[PDB]
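Before any comments, here is the structure.
Values reported hereafter were calculated over all heavy atoms of this structure, with side chains retained and with hydrogens, waters and symmetry mates removed. Chain identifiers are assigned alphabetically (A, B, ...) following the order of the sequence lines, protein sequences preceding nucleic acid strands; residue numbering begins at 1 within each chain.
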Amino acid sequence: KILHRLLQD
Amino acid sequence: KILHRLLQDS
Amino acid sequence: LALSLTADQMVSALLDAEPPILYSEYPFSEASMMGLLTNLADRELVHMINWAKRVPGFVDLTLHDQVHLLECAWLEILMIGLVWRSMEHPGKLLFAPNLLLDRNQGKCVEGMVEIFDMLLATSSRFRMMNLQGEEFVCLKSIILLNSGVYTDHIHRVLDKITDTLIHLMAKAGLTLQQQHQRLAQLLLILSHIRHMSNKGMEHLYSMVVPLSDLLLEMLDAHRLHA
Amino acid sequence: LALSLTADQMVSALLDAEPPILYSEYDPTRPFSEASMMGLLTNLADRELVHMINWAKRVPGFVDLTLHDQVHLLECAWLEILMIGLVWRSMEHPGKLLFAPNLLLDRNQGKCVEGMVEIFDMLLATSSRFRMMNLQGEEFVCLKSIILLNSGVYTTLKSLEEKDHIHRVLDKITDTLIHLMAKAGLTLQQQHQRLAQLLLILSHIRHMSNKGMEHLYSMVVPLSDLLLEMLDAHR
Ligand SMILES: Cc1ccccc1OS(=O)(=O)[C@@H]1C[C@@H]2O[C@H]1C(c1ccc(O)cc1)=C2c1ccc(O)cc1
Ligand SMILES: Cc1ccccc1OS(=O)(=O)[C@@H]1C[C@@H]2O[C@H]1C(c1ccc(O)cc1)=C2c1ccc(O)cc1
């Protein structure tokens, strides 16, 4: 869930 | 094409 | 000639050219369900072609150009009509007056559930906005001419239909701000209808049914780039 | 939370949130092939996605959404956003696509990978269409924000609540666009016409995205882990 992580900086 | 016919059809 | 039309003449022309609402052949397996839709869609295609000829500006195009627009926009046009028919039937898709389907019935075919929900979503979105028939016929014509133009005369006509849409909104007593907001809301929906069409044809050209020689001819137009 | 923005404030917000124009790795010594071409594009897109994610955070209204909804919008709109950015960069380079300042390609170089020249011509046609209408940067950043909030707004009682907020934001971006066109000295039928013209192009951008992704999830030349994750959302 990379996108999920990056959206959480 | 069959579509050609219908577009010129009466 | 279509450019010389007034906004009221535009609407009147578009309303008068409306295809009739056809009936389906009088539970569902994947084959029968697909059979009914294919038959219904095959029959509708004939009226759409005659409807297209009466869309102001469409006859001005070469036969090559007419065929191209129809090939690109046919499912979009079928879809917006369906969504419009299902206006006053929340939760259901009214494919025909004798064929009113819901989610669970859409699960009969592999991958159709997803498009059903989108179609239902578009319908309620139309319901929420109180989409009027005058606006609907304008939208449907836009689909025909815009899908797909980038695939000048057409843009002159597109501007005209835009003029008509705003003219309708001004008639209904909308303020200037409400006018462009509503215009935008309507055209953005067309983006989703395009999406539903593309995903729909993704499956359509993988399939069971007999499928019309005309219907396969419309499908073959989209396979060329699969 | 951000509906209290004037048009001018909306614009600078969008303009200051703009991602940079990233560079490729080519290298015009390498004779180029389908694999090299695809690698360049994949590496490029992948790095752009990181900037895109962080740009989205700065789009007014976006962070007011749940993380789930944020994920979904980006999963639906990423290629659309890459595409319109591509089309925008290439506005001053007719018959060419400026993937990067060092990666400028024509349709013939698009033939290097199968089924790509068709989308290439469409991207070209869109780029020219923008040049023809003389699209403005202010109009562009608005368009791109619209794509982000609209491409996956439809596709619970709380899920309908988030939808209404997005609609409020989109209407605010419409107003902004109209505001811009009005200041340019456009009439009113002109504003409405231009508004309609721009939004209709989003349909084509969606079309290119769908057809684009249709080819991408048939594959050779390893997609990045973030790109695979985005790509997986559309099966
Ligand atoms: C995506 C998909 C998967 C499986 C089967 C069909 C699929 O395509 S779909 O997106 O749902 C599509 C939508 C809708 O159901 C399909 C369909 C249609 C058209 C032709 C045909 O041979 C079969 C189906 C619909 C429709 C039909 C008639 C109308 O007047 C209006 C709309
Ligand atoms: C349709 C298709 C077939 C074969 C290979 C790729 C295909 O997709 S395409 O429509 O051309 C697409 C468009 C454009 O080239 C492709 C592409 C891209 C994205 C990710 C990837 O792994 C490979 C390509 C483009 C792009 C790239 C960077 C940008 O900043 C903006 C746009």
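Note: D:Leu195 leads D:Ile147, D:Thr155, D:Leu195 in heavy-atom pairs under 4.5 Å with chain C. In terms of heavy-atom pairs under 4.5 Å with chain C, the best-connected choice from D:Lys211, D:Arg194, D:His192 is D:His192.
Note that CD of C:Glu76 and NE2 of D:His207 are 8.5 Å apart. Values are rounded to the nearest 0.5 Å. In this structure, C:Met201 CE and D:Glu214 CD are separated by 9.0 Å, a value rounded to the nearest 0.5 Å. Note that the CD1 atom of D:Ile205 and the CZ atom of C:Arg194 stand 11.0 Å from one another [nearest 0.5 Å].
D:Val153 places none of its side-chain heavy atoms less than 4.5 Å from the side chain of C:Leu188. In this structure the side chain of D:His167 reaches within 4.5 angstrom of the side chain of C:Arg125, judged on heavy atoms. No side-chain heavy atom of C:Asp159 sits under 4.5 Å from any side-chain heavy atom of D:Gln189. Residues D:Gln193 and C:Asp163 form a side-chain contact, since some pair of their non-hydrogen atoms from C-beta on lies under 4.5 Å apart.
Side-chain N or O atoms of C:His225 include none that pairs as donor or acceptor with a backbone N or O of D:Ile119 at under 3.5 Å.
In this structure, the portion of C:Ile189 lying under 4.5 Å from any heavy atom of chain D is its side chain and not its backbone. At a 4.5 Å heavy-atom cutoff, the contact between C:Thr162 and chain D is made by side-chain atoms alone. With a 4.5 angstrom heavy-atom cutoff, C:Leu190 touches chain D via backbone and side-chain atoms both. Of the atoms belonging to C:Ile166, it is side-chain heavy atoms, and not backbone ones, that fall under 4.5 Å from chain D. No part of D:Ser209 comes within reach of chain C, as not one of its non-hydrogen atoms sits under 4.5 angstrom from that chain. Residue C:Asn198 touches chain D through its side chain alone, counting heavy-atom pairs closer than 4.5 Å.
Relative orientation of the C:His192 and D:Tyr154 rings is perpendicular, given thresholds of 30° and 60° on the angle between their planes.
Around CD of D:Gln190, the count of heavy atoms belonging to other residues, nucleotides or ligands within 6.0 Å exceeds 12.
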